[PDB]
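Okay, entry_0.cif now, which holds mmCIF, N, CA and C atoms:
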data_structure
#
loop_
_atom_site.label_atom_id
_atom_site.label_comp_id
_atom_site.auth_asym_id
_atom_site.auth_seq_id
_atom_site.Cartn_x
_atom_site.Cartn_y
_atom_site.Cartn_z
N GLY A 1 -59.51 -13.92 -1.05
CA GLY A 1 -59.27 -14.58 0.22
C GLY A 1 -57.77 -14.74 0.48
N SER A 2 -57.29 -14.01 1.49
CA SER A 2 -55.89 -14.06 1.85
C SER A 2 -55.67 -13.35 3.19
N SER A 3 -54.48 -13.56 3.74
CA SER A 3 -54.13 -12.95 5.02
C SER A 3 -52.63 -13.09 5.27
N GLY A 4 -52.17 -12.39 6.29
CA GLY A 4 -50.76 -12.43 6.65
C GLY A 4 -50.57 -12.18 8.15
N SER A 5 -49.41 -12.59 8.64
CA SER A 5 -49.09 -12.42 10.05
C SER A 5 -47.77 -11.67 10.20
N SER A 6 -47.47 -11.30 11.43
CA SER A 6 -46.24 -10.57 11.73
C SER A 6 -45.04 -11.34 11.17
N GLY A 7 -43.92 -10.64 11.11
CA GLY A 7 -42.69 -11.24 10.60
C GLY A 7 -41.50 -10.89 11.50
N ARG A 8 -40.70 -11.91 11.78
CA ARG A 8 -39.53 -11.73 12.63
C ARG A 8 -38.41 -11.05 11.84
N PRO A 9 -37.59 -10.25 12.57
CA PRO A 9 -36.48 -9.55 11.95
C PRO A 9 -35.33 -10.50 11.64
N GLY A 10 -34.67 -10.24 10.52
CA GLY A 10 -33.56 -11.07 10.09
C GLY A 10 -32.23 -10.34 10.28
N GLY A 11 -31.66 -9.90 9.17
CA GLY A 11 -30.40 -9.19 9.20
C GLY A 11 -30.25 -8.27 7.99
N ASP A 12 -29.24 -8.56 7.18
CA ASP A 12 -28.98 -7.77 5.99
C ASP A 12 -29.20 -6.29 6.31
N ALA A 13 -28.17 -5.67 6.87
CA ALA A 13 -28.24 -4.27 7.22
C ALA A 13 -27.64 -3.43 6.09
N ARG A 14 -28.24 -3.57 4.92
CA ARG A 14 -27.78 -2.83 3.75
C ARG A 14 -28.76 -1.71 3.41
N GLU A 15 -30.02 -2.10 3.23
CA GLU A 15 -31.06 -1.14 2.90
C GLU A 15 -31.10 -0.02 3.95
N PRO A 16 -31.96 1.00 3.66
CA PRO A 16 -32.10 2.13 4.56
C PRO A 16 -32.92 1.74 5.80
N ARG A 17 -32.50 2.27 6.94
CA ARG A 17 -33.19 1.99 8.19
C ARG A 17 -33.46 3.29 8.95
N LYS A 18 -34.17 3.15 10.06
CA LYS A 18 -34.50 4.30 10.88
C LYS A 18 -33.55 4.36 12.07
N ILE A 19 -33.10 5.58 12.37
CA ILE A 19 -32.19 5.78 13.48
C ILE A 19 -32.62 7.02 14.27
N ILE A 20 -33.48 6.78 15.26
CA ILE A 20 -33.98 7.86 16.09
C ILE A 20 -32.95 8.17 17.18
N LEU A 21 -32.28 9.30 17.00
CA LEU A 21 -31.27 9.73 17.96
C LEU A 21 -31.83 10.88 18.80
N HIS A 22 -31.59 10.79 20.10
CA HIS A 22 -32.06 11.82 21.01
C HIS A 22 -30.94 12.82 21.28
N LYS A 23 -31.08 13.99 20.66
CA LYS A 23 -30.10 15.04 20.82
C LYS A 23 -29.68 15.13 22.29
N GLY A 24 -28.43 14.76 22.54
CA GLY A 24 -27.90 14.79 23.89
C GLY A 24 -27.45 16.20 24.27
N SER A 25 -26.76 16.84 23.33
CA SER A 25 -26.27 18.19 23.55
C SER A 25 -25.45 18.65 22.34
N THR A 26 -24.35 17.96 22.11
CA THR A 26 -23.48 18.28 20.99
C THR A 26 -24.21 18.07 19.66
N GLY A 27 -25.04 17.04 19.65
CA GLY A 27 -25.81 16.72 18.45
C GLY A 27 -26.38 15.30 18.53
N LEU A 28 -26.37 14.63 17.40
CA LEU A 28 -26.89 13.27 17.33
C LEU A 28 -25.75 12.28 17.58
N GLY A 29 -24.54 12.81 17.60
CA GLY A 29 -23.36 11.99 17.83
C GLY A 29 -22.87 11.35 16.53
N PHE A 30 -22.96 12.13 15.46
CA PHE A 30 -22.53 11.65 14.16
C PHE A 30 -22.36 12.81 13.18
N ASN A 31 -21.37 12.67 12.31
CA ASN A 31 -21.09 13.69 11.32
C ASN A 31 -21.78 13.33 10.00
N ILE A 32 -21.67 14.23 9.04
CA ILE A 32 -22.27 14.02 7.73
C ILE A 32 -21.36 14.60 6.65
N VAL A 33 -21.46 14.03 5.46
CA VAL A 33 -20.65 14.48 4.34
C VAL A 33 -21.51 14.50 3.08
N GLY A 34 -20.90 14.95 1.99
CA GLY A 34 -21.59 15.02 0.72
C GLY A 34 -22.03 16.46 0.41
N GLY A 35 -22.92 16.57 -0.56
CA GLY A 35 -23.43 17.88 -0.96
C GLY A 35 -22.84 18.30 -2.31
N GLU A 36 -22.39 17.31 -3.06
CA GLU A 36 -21.81 17.56 -4.37
C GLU A 36 -22.69 16.96 -5.46
N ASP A 37 -23.12 17.82 -6.37
CA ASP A 37 -23.96 17.38 -7.47
C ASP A 37 -24.99 16.38 -6.95
N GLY A 38 -25.39 16.58 -5.71
CA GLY A 38 -26.37 15.69 -5.08
C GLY A 38 -25.93 14.23 -5.18
N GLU A 39 -24.68 14.00 -4.81
CA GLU A 39 -24.12 12.65 -4.86
C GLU A 39 -24.70 11.81 -3.72
N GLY A 40 -25.20 12.49 -2.70
CA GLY A 40 -25.78 11.82 -1.55
C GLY A 40 -24.98 12.12 -0.28
N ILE A 41 -25.70 12.18 0.83
CA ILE A 41 -25.07 12.46 2.11
C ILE A 41 -24.59 11.14 2.73
N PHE A 42 -23.58 11.26 3.58
CA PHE A 42 -23.02 10.10 4.24
C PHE A 42 -22.31 10.49 5.54
N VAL A 43 -22.46 9.64 6.54
CA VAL A 43 -21.85 9.88 7.83
C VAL A 43 -20.33 9.87 7.68
N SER A 44 -19.70 10.84 8.33
CA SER A 44 -18.25 10.96 8.28
C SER A 44 -17.63 10.34 9.53
N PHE A 45 -18.36 10.46 10.63
CA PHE A 45 -17.89 9.93 11.90
C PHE A 45 -19.04 9.80 12.90
N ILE A 46 -18.81 8.99 13.92
CA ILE A 46 -19.82 8.78 14.95
C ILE A 46 -19.17 8.91 16.33
N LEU A 47 -19.64 9.89 17.08
CA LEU A 47 -19.11 10.14 18.42
C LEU A 47 -19.20 8.85 19.23
N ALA A 48 -18.30 8.73 20.20
CA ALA A 48 -18.26 7.56 21.06
C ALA A 48 -19.03 7.85 22.35
N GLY A 49 -20.18 7.20 22.48
CA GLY A 49 -21.01 7.38 23.65
C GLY A 49 -22.26 8.20 23.32
N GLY A 50 -22.25 8.77 22.12
CA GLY A 50 -23.37 9.58 21.67
C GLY A 50 -24.61 8.71 21.44
N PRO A 51 -25.70 9.38 20.97
CA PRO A 51 -26.95 8.69 20.70
C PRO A 51 -26.85 7.87 19.41
N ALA A 52 -26.02 8.35 18.50
CA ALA A 52 -25.83 7.67 17.23
C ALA A 52 -25.06 6.37 17.46
N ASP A 53 -24.28 6.37 18.53
CA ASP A 53 -23.48 5.20 18.87
C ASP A 53 -24.26 4.33 19.86
N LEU A 54 -24.64 4.95 20.97
CA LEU A 54 -25.39 4.25 22.00
C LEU A 54 -26.58 3.53 21.36
N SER A 55 -27.40 4.32 20.67
CA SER A 55 -28.57 3.77 20.01
C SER A 55 -28.23 2.43 19.35
N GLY A 56 -26.98 2.31 18.95
CA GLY A 56 -26.52 1.09 18.31
C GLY A 56 -27.19 0.89 16.95
N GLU A 57 -27.34 1.99 16.23
CA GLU A 57 -27.97 1.95 14.92
C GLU A 57 -27.10 2.68 13.89
N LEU A 58 -26.97 3.98 14.09
CA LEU A 58 -26.17 4.80 13.19
C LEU A 58 -24.71 4.33 13.24
N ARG A 59 -24.11 4.25 12.07
CA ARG A 59 -22.72 3.82 11.97
C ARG A 59 -21.98 4.66 10.92
N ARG A 60 -20.69 4.81 11.14
CA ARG A 60 -19.86 5.58 10.22
C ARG A 60 -19.81 4.90 8.85
N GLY A 61 -20.19 5.65 7.83
CA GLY A 61 -20.19 5.14 6.48
C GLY A 61 -21.61 5.09 5.91
N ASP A 62 -22.58 5.15 6.81
CA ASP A 62 -23.97 5.11 6.42
C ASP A 62 -24.26 6.27 5.45
N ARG A 63 -25.37 6.15 4.75
CA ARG A 63 -25.76 7.18 3.79
C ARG A 63 -27.08 7.83 4.23
N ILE A 64 -26.96 9.04 4.75
CA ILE A 64 -28.13 9.77 5.21
C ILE A 64 -29.08 9.99 4.03
N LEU A 65 -30.34 9.66 4.26
CA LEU A 65 -31.35 9.81 3.23
C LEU A 65 -32.28 10.97 3.60
N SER A 66 -32.82 10.89 4.81
CA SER A 66 -33.72 11.92 5.29
C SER A 66 -33.52 12.12 6.80
N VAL A 67 -33.94 13.29 7.27
CA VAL A 67 -33.81 13.62 8.68
C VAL A 67 -35.18 14.04 9.22
N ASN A 68 -35.75 13.17 10.03
CA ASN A 68 -37.05 13.44 10.63
C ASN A 68 -38.15 13.16 9.60
N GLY A 69 -38.03 13.81 8.45
CA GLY A 69 -39.00 13.64 7.38
C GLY A 69 -38.70 14.59 6.22
N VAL A 70 -37.42 14.76 5.95
CA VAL A 70 -37.00 15.64 4.87
C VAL A 70 -36.17 14.83 3.86
N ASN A 71 -36.54 14.96 2.60
CA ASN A 71 -35.85 14.26 1.53
C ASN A 71 -34.55 15.00 1.20
N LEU A 72 -33.46 14.48 1.75
CA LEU A 72 -32.15 15.08 1.52
C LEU A 72 -31.38 14.24 0.51
N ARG A 73 -32.11 13.36 -0.16
CA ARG A 73 -31.51 12.49 -1.16
C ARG A 73 -30.54 13.28 -2.04
N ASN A 74 -30.99 14.46 -2.44
CA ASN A 74 -30.18 15.33 -3.28
C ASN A 74 -30.11 16.72 -2.66
N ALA A 75 -29.64 16.76 -1.42
CA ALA A 75 -29.52 18.02 -0.71
C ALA A 75 -28.04 18.29 -0.41
N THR A 76 -27.72 19.58 -0.29
CA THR A 76 -26.36 19.98 -0.01
C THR A 76 -25.98 19.63 1.43
N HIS A 77 -24.71 19.83 1.74
CA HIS A 77 -24.21 19.53 3.08
C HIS A 77 -24.98 20.36 4.10
N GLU A 78 -24.99 21.67 3.88
CA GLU A 78 -25.69 22.57 4.78
C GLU A 78 -27.13 22.11 4.99
N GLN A 79 -27.84 21.97 3.88
CA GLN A 79 -29.23 21.53 3.94
C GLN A 79 -29.36 20.30 4.84
N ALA A 80 -28.51 19.32 4.58
CA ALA A 80 -28.52 18.09 5.35
C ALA A 80 -28.30 18.42 6.83
N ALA A 81 -27.70 19.58 7.06
CA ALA A 81 -27.43 20.02 8.42
C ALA A 81 -28.62 20.84 8.93
N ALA A 82 -29.10 21.72 8.07
CA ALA A 82 -30.22 22.57 8.42
C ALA A 82 -31.40 21.69 8.84
N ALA A 83 -31.43 20.48 8.30
CA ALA A 83 -32.49 19.54 8.61
C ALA A 83 -32.30 19.02 10.03
N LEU A 84 -31.09 19.21 10.55
CA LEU A 84 -30.77 18.76 11.89
C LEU A 84 -30.93 19.94 12.86
N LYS A 85 -30.80 21.14 12.31
CA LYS A 85 -30.92 22.34 13.12
C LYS A 85 -32.41 22.69 13.28
N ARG A 86 -33.21 22.19 12.35
CA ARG A 86 -34.64 22.43 12.38
C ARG A 86 -35.36 21.29 13.10
N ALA A 87 -34.61 20.23 13.35
CA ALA A 87 -35.16 19.07 14.03
C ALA A 87 -35.52 19.45 15.46
N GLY A 88 -35.29 18.51 16.37
CA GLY A 88 -35.58 18.73 17.77
C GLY A 88 -34.83 17.74 18.66
N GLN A 89 -35.56 17.14 19.59
CA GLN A 89 -34.97 16.18 20.50
C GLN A 89 -34.92 14.79 19.85
N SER A 90 -36.07 14.37 19.35
CA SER A 90 -36.18 13.07 18.70
C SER A 90 -36.10 13.24 17.18
N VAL A 91 -34.88 13.13 16.67
CA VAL A 91 -34.66 13.27 15.24
C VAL A 91 -34.52 11.88 14.62
N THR A 92 -35.31 11.65 13.58
CA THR A 92 -35.28 10.37 12.89
C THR A 92 -34.35 10.44 11.68
N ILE A 93 -33.16 9.88 11.86
CA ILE A 93 -32.17 9.87 10.79
C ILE A 93 -32.26 8.54 10.04
N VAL A 94 -32.82 8.61 8.84
CA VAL A 94 -32.97 7.43 8.01
C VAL A 94 -31.75 7.30 7.10
N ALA A 95 -30.85 6.41 7.49
CA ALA A 95 -29.64 6.18 6.71
C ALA A 95 -29.54 4.69 6.37
N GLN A 96 -28.71 4.40 5.37
CA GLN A 96 -28.52 3.03 4.94
C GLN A 96 -27.02 2.70 4.89
N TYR A 97 -26.64 1.71 5.70
CA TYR A 97 -25.25 1.29 5.76
C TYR A 97 -24.71 0.99 4.36
N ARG A 98 -24.06 2.00 3.78
CA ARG A 98 -23.49 1.86 2.45
C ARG A 98 -22.05 2.34 2.44
N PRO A 99 -21.13 1.43 2.84
CA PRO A 99 -19.71 1.75 2.88
C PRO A 99 -19.12 1.79 1.47
N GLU A 100 -19.78 1.08 0.56
CA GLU A 100 -19.33 1.02 -0.82
C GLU A 100 -19.28 2.43 -1.42
N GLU A 101 -20.23 3.25 -1.00
CA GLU A 101 -20.30 4.62 -1.49
C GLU A 101 -19.32 5.51 -0.72
N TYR A 102 -19.55 5.59 0.58
CA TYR A 102 -18.70 6.40 1.44
C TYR A 102 -17.22 6.21 1.09
N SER A 103 -16.93 5.05 0.52
CA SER A 103 -15.57 4.73 0.13
C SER A 103 -14.88 5.97 -0.44
N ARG A 104 -15.56 6.60 -1.39
CA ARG A 104 -15.03 7.79 -2.02
C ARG A 104 -14.47 8.75 -0.96
N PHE A 105 -15.31 9.07 0.00
CA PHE A 105 -14.92 9.97 1.07
C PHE A 105 -13.78 9.37 1.91
N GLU A 106 -13.84 8.05 2.06
CA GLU A 106 -12.83 7.34 2.82
C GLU A 106 -11.43 7.65 2.28
N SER A 107 -11.30 7.50 0.97
CA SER A 107 -10.03 7.76 0.31
C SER A 107 -9.56 9.18 0.62
N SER A 108 -10.41 10.14 0.26
CA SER A 108 -10.09 11.54 0.50
C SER A 108 -8.86 11.94 -0.32
N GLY A 109 -8.94 13.12 -0.91
CA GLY A 109 -7.84 13.63 -1.71
C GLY A 109 -7.00 14.63 -0.92
N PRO A 110 -6.38 15.58 -1.67
CA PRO A 110 -5.54 16.60 -1.05
C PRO A 110 -6.40 17.66 -0.36
N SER A 111 -5.72 18.55 0.35
CA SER A 111 -6.40 19.62 1.06
C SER A 111 -5.38 20.51 1.77
N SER A 112 -4.77 21.38 1.00
CA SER A 112 -3.77 22.30 1.54
C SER A 112 -4.46 23.53 2.13
N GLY A 113 -4.73 23.45 3.43
CA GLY A 113 -5.38 24.55 4.12
C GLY A 113 -4.75 25.90 3.73
#
Take the structure from the file and write it as structure tokens.
Amino acid sequence: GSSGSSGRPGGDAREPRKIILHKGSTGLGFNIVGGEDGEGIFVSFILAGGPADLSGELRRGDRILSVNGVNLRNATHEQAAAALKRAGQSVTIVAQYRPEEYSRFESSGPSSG
């Protein structure tokens, strides 16, 4: 004998969440990084005015987990992209605001073109 009722939303935007972005044209309005020893994907930037921004969900620094329904937990950069090229209009980008990780990318090392 037991039961439960609905629950109101709180905060703590740390865990992974859903970010349904409607491909406007250029893309979802957000970049992606990673693809090294499956370290994990992470947003590099978020277009201003895009769906990733407008939606008011996706944010720079987030850690892309899956796209639509693909486990990119340990996928390369391309793959993480191919998942966006294989998507469509309504792409579900499940990322988790994790700046602690992206930090690595934030620092960024050398790069003599």
Using all atoms listed in the file, can you list as a PyMOL selection string the residues within 8 Å of (-32.0, 16.9, 24.8)? chain A and resi 22-25+88-90
Using the chain letters and numbers from the file, give me the residues hit by the PyMOL selection byres ((chain A and resi 77) around 6.5), as an MDAnalysis selection string. chainID A and resid 33:36 75:76 78:82
Would you please work out which residue, of A:32, A:47, A:87, A:95, is nearest to residue 62 (chain A) when using only C-alpha atoms?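 Of all the options, A:95 lies closest to residue 62 (chain A).
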Which of A:4, A:111, A:72, A:91 sits closest to residue 20 (chain A) [using all atoms listed in the file]: A:91
For each of A:74, A:96, A:26, A:112, take the minimum atom-to-atom distance to residue 61 (chain A), counting all atoms listed in the file, then give the residue where this is smallest.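 Closest to residue 61 (chain A), using all atoms listed in the file: A:96.
The space between CA of residue 39 (chain A) and atom N of residue 11 (chain A) spans 27.6 Å.
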A:56, A:99, A:110, A:51 ranked by distance to residue 21 (chain A), top pick (using only N, CA and C atoms):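 Closest to residue 21 (chain A) of all the choices is A:51.
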Picked residues, the PyMOL selection byres ((chain A and resi 16-18) around 6.5), expected as a PyMOL selection string: chain A and resi 14-15+19-20+92-97
Once DSSP has gone over the backbone, tell me which residues of region 48-106 of chain A are in strand (DSSP E), as number ranges by chain. A: 62-67, 90-97
For this file, the PyMOL selection byres (((chain A and resi 43 and name CA) around 8) and name CA) selects which residues, as a PyMOL selection string? chain A and resi 30-33+41-42+44-46+59-64+102
DSSP on the backbone: what in region 28-67 of chain A comes out alpha helix (DSSP H), as JSON, numbers by chain? {"A": [51, 52, 53, 54]}
The residues within 7 Å of (-34.9, 15.6, 8.4), using only C-alpha atoms and the coordinates of the file, should be reported as a list in words; which are they?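 Final list of nearby residues, as requested, is residues 66, 67, 68, 69, 70, 83, 84, 87, 92 and 93 of chain A.
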Kindly indicate which residue among A:40, A:12, A:86, A:1 lies nearest to residue 105 (chain A), using only C-alpha atoms for the distances.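 Comparing A:40, A:12, A:86, A:1 against residue 105 (chain A), the winner is A:40.
For the pair atom C of residue 98 (chain A) and CA of residue 113 (chain A), the separation is 27.8 Å.
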If I take CA of residue 27 (chain A) and CA of residue 57 (chain A), how far is one from the other in Å, to one decimal?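 So the answer is 15.3 Å.
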For residue 28 (chain A), which of A:109, A:52, A:100, A:58 is the closest residue, counting all atoms listed in the file?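 Among the listed residues, the smallest separation from residue 28 (chain A) belongs to A:52.
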